[PDB]
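Engineer:
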Amino acid sequence: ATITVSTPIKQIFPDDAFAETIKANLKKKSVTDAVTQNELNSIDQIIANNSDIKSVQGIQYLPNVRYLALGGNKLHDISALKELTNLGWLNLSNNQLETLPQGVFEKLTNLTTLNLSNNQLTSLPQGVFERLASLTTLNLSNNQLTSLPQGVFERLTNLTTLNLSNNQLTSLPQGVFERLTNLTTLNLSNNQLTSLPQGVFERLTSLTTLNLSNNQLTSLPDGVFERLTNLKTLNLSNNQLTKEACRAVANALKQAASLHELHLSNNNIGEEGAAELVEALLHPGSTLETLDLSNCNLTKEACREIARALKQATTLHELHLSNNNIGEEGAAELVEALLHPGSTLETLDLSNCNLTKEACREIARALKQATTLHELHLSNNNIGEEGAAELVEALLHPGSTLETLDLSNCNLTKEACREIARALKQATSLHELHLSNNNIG
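If you read the sequence shown in the entry's author numbering, its first letter stands for residue 0, the second for the next number, and so on.
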């Protein structure tokens, strides 16, 4: 729309905040000042985040706007936006949008970035994104979405980032990502998914990051990650994954030759599941660098198996086994891998692993001699002060190479803490030491 005569700013934009926004944009003394369509046409950019705007009525008189930041306002309605065909960038995050009209974005062919995050969308209309040919980034996170209609993204061929996190999505339609062949980042974390259809990620050949954490996944189709050849990061943590679902993860490991990070913390894979992942890593040519199996209901026997994998999978530099019942026997199995010729592990986390004194004694043997191990977390373990003193006695060997030691919250006394940080000094390679929450948290 357009104005035919010189019109007071505050007649075009009845929202007092937005009027003030337009007044500042054009350097007028007052919102009572008349403006011409030509002046309104001079506006190609509005940055008005957090300006207490309830309504953008009148924005339709600004056809040349290409960059629009309206984040953190109080917008309930955006239908005044639909003829703004020059919009390349649109930020409507943190408003109060509950629904989207069917055709509200059908004219925004130049739109490349769309942020609808932190609203209260409960659902998406069919085809609300059907004409966003140019779109590369769609952020839909922190909404209330409980489903996605079939084909809601089927025309977004240029999409590279799709963020669907922190919604209440309970399933995915099977072809919902069929056309996103250029997508590199897919964030589905913090949803209520309980299953995935076979072939939901099948055409995602460019995908490098797949985040599926904080869902309620149990089993997985064996093939569900197979065509993800370029995948580099898989986060499956905080789910309810079983030993079943490990078959699929194993296949990701075999098929994605440059998968570097596997996050599986907080799951129910058990030792049987771990063994399945182990047999995937026992194959020549793994490139995996970081593995997280914290709180995976692991045992000392899963530790034997994981030790087999550490001996063969020497790209693996960072390993997390926190919150598992590992004990002295499990510690002993891992120390065997630490002292194996060609162990490449740099960082090991064994916090809250039921580690005792006898388990420190086993670990002492690794810390005594030259290894690649530079960072070790034993926090949240009731190691005890003879436990600590064994670690200490091993670290004062001229052989030692550890750099960082974490004993946070290991039920030690100020007396012991000081007596440990004391002898710190002598272990030349070690230049970091965490002792907090022992008796002073």
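Backbone N, C-alpha and C fix where the C-beta goes; we use that ideal spot for every residue, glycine too.
With 16 as the cutoff for other CB atoms within 10 Å, does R417 come out buried or exposed?
Structural biologist: So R417 ends up on the exposed side.
Engineer: State the CB to CB distance for the pair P172 and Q197, rounded to an integer number of angstroms; the pair is presumed to be in contact (CB under 8 Å).
Structural biologist: Going by Cβ atoms, the distance from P172 to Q197 rounds to 13 Å, so no, they are not a contact pair.
Engineer: Tell me, which residues are paired with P397 by DSSP?
Structural biologist: Its beta-bridge partners do not exist; DSSP assigns none.
Engineer: Leaving out five residues before and five after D51 in sequence, what residues of the same chain have Cβ atoms less than 8 Å from its Cβ?
Structural biologist: Only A16, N72 and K73 meet the Cβ criterion.
Engineer: On the three-state DSSP scale, how would you describe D348?
Structural biologist: Looking at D348 - three-state DSSP - the assignment turns out to be strand.
Engineer: Taking the alpha helix (DSSP H) that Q10 falls in, what are its first and last residues?
Structural biologist: Taken as a continuous stretch (DSSP letters only), the alpha helix (DSSP H) holding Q10 covers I8 to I11.
Engineer: Classify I46: buried if its beta carbon has 16 or more other beta carbons within 10 angstroms, exposed otherwise.
Structural biologist: Exposed, because fewer than 16 other Cβ atoms sit within 10 Å of the Cβ of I46.
Engineer: Report the three-state DSSP secondary structure of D15 (helix, strand or coil).
Structural biologist: In this structure, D15 counts as helix in the three-state DSSP scheme.
Engineer: How is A312 classed by DSSP in three states: helix, strand or coil?
Structural biologist: Reduced to three states, the DSSP call for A312 is coil.
Engineer: Could you say if the segment 118-130 and the segment 92-102 meet the contact criterion of at least three C-beta pairs nearer than 8 Å?
Structural biologist: Yes, they touch.
Engineer: Which stretch, first to last residue, makes up the alpha helix (DSSP H) that contains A255?
Structural biologist: No alpha helix (DSSP H) holds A255; DSSP gives it neither H nor E.
Engineer: Using CA coordinates, which residue listed in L281, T298 and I325 is at the minimum distance from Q311?
Structural biologist: Nearest of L281, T298 and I325 to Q311, Cα basis: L281.
Engineer: So, using beta-carbon positions, are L120 and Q143 closer together than 8 Å?
Structural biologist: Yes. Within cutoff.
Engineer: In terms of residue numbering, what span does the alpha helix (DSSP H) encompassing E332 cover?
Structural biologist: Residues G326 to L337.
Engineer: List the endpoints of the continuous alpha helix (DSSP H) containing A47.
Structural biologist: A47 -> no alpha helix (DSSP H), and no H or E assigned at all.
Engineer: Distance, Cα to Cα, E389 vs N48?
Structural biologist: Taking the straight line from one Cα to the other gives about 57 Å.
Engineer: Skipping 5 residues on each side, what residues in its chain have a beta carbon closer than 6 Å to that of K356?
Structural biologist: Contacts found: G383, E385 and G386.
Engineer: Please give the ranges of any beta strand (DSSP E) in the segment 252-301, keeping only runs that are unbroken, at least 3 residues long and fully inside the region.
Structural biologist: You should have 260-262 and 289-291.
Engineer: Which class does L423 belong to by DSSP, given the choice of helix, strand or coil?
Structural biologist: Helix, per DSSP.
Engineer: Compare the C-alpha of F176 against each of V199, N189, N157 and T183 and name the closest.
Structural biologist: Selected option, being the one with the closest Cα: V199.
Engineer: Please determine, among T228, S188 and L216, the residue with the shortest C-alpha to C-alpha distance to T180.
Structural biologist: Considering only alpha carbons, the answer is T228.
Engineer: To test your reading of the DSSP string, which unbroken beta strand (DSSP E) runs of 3 or more residues are found completely within the segment 173-203?
Structural biologist: Segments of the beta strand (DSSP E) lying fully in the segment 173-203: 184-186.
Engineer: Suppose contacts are defined by Cβ-Cβ distances below 8 Å. Is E225 in contact with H259 by that definition?
Structural biologist: Contact flag unset, no.
Engineer: Determine, using beta carbons only, whether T6 and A33 come nearer to each other than 8 Å.
Structural biologist: Contact flag set, yes.
Engineer: Can you grab the Cα-Cα spacing for the pair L434 / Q368, in whole Å?
Structural biologist: Their backbone Cα atoms lie some 23 Å apart in a straight line.
Engineer: Tell me whether residue 452 is buried or exposed, calling it buried when 16 or more other Cβ atoms sit within 10 Å of its Cβ.
Structural biologist: The structure shown does not extend to residue 452, since the chain is modelled only from 0 through 440, so no value can be given for it.
Engineer: Are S218 and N189 touching if we call contact CB-CB under 8 Å?
Structural biologist: No, they are not a contact pair.
Engineer: Give a yes or no on contact between the segment 265-277 and the segment 234-251, applying the rule of three or more CB pairs nearer than 8 Å.
Structural biologist: Verdict: yes, contact present.
Engineer: Do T193 and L209 have their C-beta atoms closer together than 8 Å?
Structural biologist: The answer is no: Cβ separation not under 8 Å.
Engineer: To which residues does DSSP link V34 through a beta bridge?
Structural biologist: Answer is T6, bridged to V34.
Engineer: Just the C-alpha distance for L404 and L349, rounded to the nearest angstrom, thanks.
Structural biologist: Cα-Cα distance, rounded: 11 Å.
Engineer: What residues in its chain sit with their C-beta under 7 Å from that of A365, if we drop five residues either side in the sequence?
Structural biologist: Same-chain partners within the cutoff: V334, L337, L338 and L372.
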